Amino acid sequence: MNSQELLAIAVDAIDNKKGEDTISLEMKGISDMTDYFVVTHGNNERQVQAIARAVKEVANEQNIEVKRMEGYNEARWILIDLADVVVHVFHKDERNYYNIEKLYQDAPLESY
């Protein structure tokens, strides 16, 4: 599959665990490392860990290898590299600190 339908899958998994304020950024013009950045958050450290696992699971289930999970234990910012698509899961109180959206304020943003 192509990154667009991989994107579509990841946001479904995120919406499944009630991911808040979930957005995607098109990184094609802006980066060689990936095509999309997904940004979403949860309200507690369990929900951020669950949204991450949900992204892993629904990506396994279609046989995509989650390449790495970063900061899964601490559950503040969990980065799930699917390579074509990179999913950032943030604790509610951490998202605004990093403000990924405003760092790439010229990337095509889509919200859900």
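Numbering starts at 1 and runs along the sequence shown.
For the two regions 92-100 and 13-21, the entry's Cα B-factors average higher over 13-21. Mean C-alpha B-factor is higher over 61-69 than over the other stretch, the pair under comparison being 61-69 and 35-43.
Take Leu82, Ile30, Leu79, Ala75 and read off each C-alpha B-factor from the entry; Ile30 has the highest. Compared with the other modelled residues of the chain, the Cα B-factor recorded for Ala107 ranks in the middle third.
In the deposited entry, the Cα temperature factor of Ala8 places it in the middle third of its chain's modelled residues.
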